[PDB]
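Student: Let me start by giving you these chains from the complex, positioned as in the assembled structure:
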Amino acid sequence: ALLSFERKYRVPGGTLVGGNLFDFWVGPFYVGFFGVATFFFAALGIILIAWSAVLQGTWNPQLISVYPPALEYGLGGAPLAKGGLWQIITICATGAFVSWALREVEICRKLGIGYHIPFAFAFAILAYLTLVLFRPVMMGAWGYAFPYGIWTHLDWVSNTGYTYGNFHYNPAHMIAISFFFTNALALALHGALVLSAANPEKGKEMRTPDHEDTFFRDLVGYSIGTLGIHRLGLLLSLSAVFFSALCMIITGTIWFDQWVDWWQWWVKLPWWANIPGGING
């Protein structure tokens, strides 16, 4: 039940809501008030999802898929079988996610640490909220949302993509991908850097942070070092996801044409638009 050093941490207090009421554990798990909130939202939603599985008449999970109200319903409510169920399910997800964040807050307090983790998570929650809430609304129908199904959701991605041409040309999509790639690069390195110091050549003595710092300057002649790389990672991550939201929230709202074409602005600057040569003359 407890890790060998757990018990002196298992003190009372730190709850946001409801005092000592739900201040307790279950196995390793901490239960907030919000431990309870998230359970209830998760129960409900998983129920409604099965209820969809029935109106649809599959149980195979590769097939089950739960679409929004179609564009006619706009931002009104659909009949259950006609889009209501997704709308509730979406409400329930949100409830789950937010609650799961608040509980992370409540654990943070009991342990006496910073709130960086709940913090960073709220960007994921925010990315989801963009695709199923902020964009639909600004566009004008729940129908612009992606559907809850394993492959049907990849399908939304693909058609939505291909609606505006090759989606590569969405400029914030370019920014957002550069972080995804960069972050993975940095996670690759960081991990490798520590492991190689903690696990040196053989019967050789566990290297040091100074060795770590040294390895990089030798290699690429600078080292962000160890408060840095953790500050770096948190940032590249949060940024990737931040720009991911961006590129979608603008798509379909303030730009509805082909993304490649937006690049015409650059090429049509008047001090070269009319020159003859290159790819564009």
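Tutor: Received, thanks. Residues are numbered from 1 along each chain as shown, chains lettered A, B, ... in the order given.
Student: Could you tell me which residues make contact with the spatially most central residue of chain A?
Tutor: By CA atoms, centre = their mean, chain A has its centre lying nearest to residue A:124, at 3.0 Å. Taking CB atoms under 8 Å, 6 or more residues apart in numbering, we find residue A:124 in contact with residue A:241. In short, each C-beta sits where N, CA and C put it, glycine included.
Student: Give me the distance between it and residue A:186.
Tutor: 19 Å (CB to CB, to the nearest Å).
Student: helices or strands up against the helix or strand hosting residue A:109?
Tutor: Per DSSP states H and E, residue A:109 falls inside helix A:84-111. Secondary-structure packing of helix A:84-111 (3 or more CB pairs under 8 Å, 6 or more residues apart in numbering; DSSP states H and E): strand A:29-31, helix A:33-56, strand A:65-66, helix A:116-129.
Student: Any idea how many residues pack against the nearest residue to residue A:27 once chain neighbours are set aside?
Tutor: Closest residue in space to residue A:27, ignoring its immediate chain neighbours: residue A:1 at 6.8 Å, by CB to CB, 6 or more residues apart in numbering. Using other CB atoms under 10 Å, residue A:1 has 8 other residues around it.
Student: Chain B comes next; put it on the structure above:
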Amino acid sequence: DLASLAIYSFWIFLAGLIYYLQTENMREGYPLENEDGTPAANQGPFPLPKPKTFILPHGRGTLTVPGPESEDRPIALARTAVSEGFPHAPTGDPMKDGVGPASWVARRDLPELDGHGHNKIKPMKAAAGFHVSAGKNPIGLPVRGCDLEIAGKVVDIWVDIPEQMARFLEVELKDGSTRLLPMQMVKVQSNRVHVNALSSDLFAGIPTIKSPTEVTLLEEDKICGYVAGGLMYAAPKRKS
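Tutor: Take a look at chain B, now in place beside the chains above:
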């Protein structure tokens, strides 16, 4: 076809890898226990990993994990229930006692050494060639606590030499004694340095270091422990 071979292969690779990974993360704090310190009955499906030994770098010995765990210190906590899963109330001053968000682990009472064998961390007075290079110099600022009362003055900055980074502020108390204050728990300001976890009356309670040119891993833990716990335990004195 190859594809189906490759993918079925991979899902198998991935499964033993997680298994690897997971047992590798079982080198500390395992095996599990009951709230009394008895070995719990159910350690889950994963075995303890076959143990590994770390050769530490300045004749400072050896580390082999997994190994024997013990909080080598008293825990002042009374059970608050009849069954597993409830908080254990402090029986004293959780601050003075070092339980809760004020916990510390009995680390070694040596200091961390840089790569060259010298103490990683130094007061800047003895840190040859070191100087504040950007940002408000704290040294000289008075220190406020969360009760909006003054508690001391900064009388040096203890720098990390090899990463060249401020780790603690040393503070002079009315006493005339000093304490260290972790850099990460103070706001350096334009005219004061504000400390939110501790009200003025608790600074004296911040633990002391034996050498005054030197902190040990044990003393870092007792200190950081202490001032983190104030967030919870000082909060009645913590004026807005």
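Student: again for the contacts of residue A:124, chain B present now?
Tutor: By CB atoms under 8 Å, 6 or more residues apart in numbering or on different chains, residue A:124 lies in contact with residue A:241.
Student: And for the one 10 residues further on?
Tutor: Shown here is residue A:134, whose contacts under the criterion CB under 8 Å, 6+ apart are residue A:249.
Student: Pull up the gap between residue A:194 and residue A:209, please.
Tutor: Taking CB to CB, one finds residue A:194 at 9 Å from residue A:209.
Student: So if I had to pick from those two, which one is more boxed in?
Tutor: More neighbours surround residue A:209 than the other of residue A:194 and residue A:209, with 19 against 15 (other CB atoms under 10 Å in any protein chain shown).
Student: Same question for the closest residue to chain A within chain B, what's its three-state structure.
Tutor: Here the residue of chain B nearest chain A is residue B:101; by CB to the nearest CB that distance is 2.8 Å. Secondary structure state of residue B:101, per DSSP: H, G, I helix; E, B strand; the rest coil, is helix.
Student: Need the nearest residue in space to it, chain neighbours excluded.
Tutor: In this structure, residue B:101 finds its nearest non-sequential neighbour in residue A:112, 2.8 Å apart by CB to CB, 6 or more residues apart in numbering or on different chains.
Student: just to revisit the earlier point, and the residue nearest to the centre of chain A, how far from residue A:134?
Tutor: Taken as CB to CB, the span from residue A:124 to residue A:134 is 15 Å.
Student: then chain C, please:
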Amino acid sequence: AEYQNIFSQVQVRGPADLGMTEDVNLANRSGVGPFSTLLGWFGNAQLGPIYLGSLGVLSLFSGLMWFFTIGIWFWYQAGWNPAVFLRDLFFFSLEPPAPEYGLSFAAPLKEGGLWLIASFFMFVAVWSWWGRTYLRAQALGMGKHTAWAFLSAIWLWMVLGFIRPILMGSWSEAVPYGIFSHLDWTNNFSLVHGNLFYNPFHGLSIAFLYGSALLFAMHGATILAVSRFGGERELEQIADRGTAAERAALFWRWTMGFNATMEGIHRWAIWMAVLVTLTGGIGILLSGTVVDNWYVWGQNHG
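Tutor: Adding chain C to what we have so far:
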């Protein structure tokens, strides 16, 4: 307003650190560079020194050889016209030898040979830098994790421009050097093989990429959350578990039911990221050499 430690609030400086001197041929290391106070807000200010040396040198040389062999080509397209060069910078493209030539090394310089030269330069550039990544670890008596990890990356690059072109019978099947053109190639490669969303390696590869962001978010925020007890000093915490390691593990055990150790979390890391291009490289390699169309394969998986 509690302090967050995303940004250092007082910077501190001392004599330029020339670094540990294990077996590093100290002759080859450079001189210390300046110090960016800018950088110093985030992490270290010390720019430099750098160990250059034959492999560093060769790599670095050909690295520019490659870069330049492309850029002139762009210029030759621009009509040597710097307006055009700037206007059309993403549209220019160095493409591989026409499939006519296949794996031939005899394509006219103007019809694909300029591409082979560039690639040949990149090949040597990248492999020598790989060897550089290894030797640097050896000379400090460190593990060779950085090299292994680097292979994973090298794998997908090897597969894109080298192995798959060879396995398909022509250089034309490789990626053109160009900003907008390699995007198009990519969008097209998918279209031809029946939508990569049905390549399960592609799907696996996405799960890791997404997860690398997931984890580096988790790890980073955690270390910052406990740097108030010196979490970032991960080597010593491995060697002697502090409360930092404990509150870290514990926050996560109480949230989701299990947890890492300080050495552990970094194994989750290197593998979670290394699997992105490892899976990736495979998804691509089978693409078109062995599966013409991932939908059709998705249908009856043989």
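Student: Once more for what packs on helix A:84-111, now including chain C?
Tutor: The contact analysis (3 or more CB pairs under 8 Å, 6 or more residues apart in numbering or on different chains; DSSP states H and E) places helix A:84-111 against strand A:29-31, helix A:33-56, strand A:65-66, helix A:116-129, helix C:243-256.
Student: The fourth one versus helix C:243-256: what angle between them?
Tutor: Angular relation of helix A:116-129 and helix C:243-256 on a 0 to 180 degree scale: 40 degrees, by axes from the mean of the first three to the mean of the last three CA atoms, to 10 degrees.
Student: So which other helices or strands are in contact with the helix or strand that helix A:116-129 is followed by?
Tutor: Remark: after helix A:116-129, the chain's next helix or strand is helix A:135-139, criterion DSSP H and E. Applying 3+ CB pairs under 8 Å, 6+ apart, we find helix A:135-139 packed against helix A:225-249.
Student: Does the helix it packs on reach chain C?
Tutor: Yes - residues of helix A:225-249 contacting chain C under CB under 8 Å from any CB of the partner chain: A:225-238, A:240-241.
Student: among those residues, who's most crowded?
Tutor: Result: residue A:237 is most packed of these (other CB under 10 Å), 30 neighbours.
Student: Wait, that one touches residue C:219, no?
Tutor: No - applying CB atoms under 8 Å as the test, residue A:237 and residue C:219 come out as separate, 9.4 Å apart.
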